[PDB]
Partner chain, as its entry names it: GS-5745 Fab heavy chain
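In C-alpha cells, one chain follows: the form solved without the partner chain.
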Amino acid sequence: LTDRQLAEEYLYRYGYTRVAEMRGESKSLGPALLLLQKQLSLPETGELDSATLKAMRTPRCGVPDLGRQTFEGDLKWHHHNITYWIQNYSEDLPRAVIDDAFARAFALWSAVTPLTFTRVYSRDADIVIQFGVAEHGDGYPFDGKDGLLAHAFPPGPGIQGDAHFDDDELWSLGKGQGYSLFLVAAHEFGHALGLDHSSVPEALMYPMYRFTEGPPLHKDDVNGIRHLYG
C-alpha cells in the first residue's frame, strides 16, 4: 500500500469519508483529513503530513471513529451482573494467562462502574470473547497482521457486547514482541460497556494502541463510564 492508498483506506474504514460525503466534500483528501486530525487531536492542517501518516500507520482498534451498523436498544446494559464467556483461545499464550489478562481488564472497569464481571461457560454470556482471523463470522473482517487489532459491539442482545481479537496479531503482555492482550481487552471492554473512542491521546478509549506499564485508565475514561451508569 502507498502512503496515499493507506490514507484513503483509513479515512474510509473509520467513517471519515462518509461524513465528508455528507458535507459535499469527498472529491479531495483535505476535508476528511481535517475531520480525522480533529478526532485524533492531531494538528488540524488538512494535509497528509508526517503526524497524520504516522497516526494512520499506528496499530489501532477496528471500531469506527465517526459512526458505527444500527444496533438494537439504547446501547447500555440494563442489569448489574455482566457475564463473559471465553469461547476460544489464541495459541500465542497459555490459557491461564489469557484468562487472567481478561479478568484484569474487567477488574479495571469494575472499580469505576456499578457493574460486576463474572466468567461463565455458556452461549448466553453478555460478552462473548472470541479470537478470530480475517472473516470470522460477523461480516466485519480483520485485516491480517498489524493495522486493526480487535473490535467490540455496544451493549445489547446477541453479538452486542461481544469482543473479538485478531489472531493474525501476536498476542503477549506487550513486552518483547506482540500486543498486550490486557491493554487491548481493557479498551474493547469499554466499547462492550457502551463507550465510544476518546479524542484524548492518553485515554484508554483513544483508538490507537499505546503500550504502558502504568495504570491505563484516564480521567476521560472514568468520566465516560460515569455519564452512562448512574
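Positions refer to the first chain, counted from 1.
This next part talks about the form solved in complex with the partner chain, which is not shown.
K.L.:
May I ask you to check whether residue 74 falls inside a 4.5 Å heavy atom distance of the partner chain in the bound PDB entry?
P.N.:
No, residue 74 is distant from the partner.
K.L.:
I'd like to check something about residue 85: if you look in the bound PDB entry, is any of its heavy atoms closer than or equal to 4.5 Å to a heavy atom of the partner chain?
P.N.:
The answer is yes: residue 85 has a heavy atom within 4.5 Å of the partner chain.
K.L.:
Please run the contact check for residue 69 against the partner chain in the bound PDB entry: heavy atoms, 4.5 angstroms, yes or no?
P.N.:
Flag for residue 69 set to yes.
K.L.:
So, in the bound PDB entry, is residue 188 in contact with the partner chain at a 4.5 angstroms heavy atom limit?
P.N.:
No, residue 188 is distant from the partner.
K.L.:
Looking at 97, 112, 159, 107, which is the one with a non-hydrogen atom within 4.5 Å of the partner chain in the bound PDB entry?
P.N.:
Checking each option against the partner chain in the bound PDB entry, the one that comes within 4.5 Å is 159.
K.L.:
The chain here is shown without the partner chain. Which stretch in 126 to 134, 75 to 83, 98 to 106, 144 to 152 comes within 4.5 angstroms of it in the bound PDB entry, by heavy atom distance?
P.N.:
One stretch meets the cut-off, namely 126 to 134.
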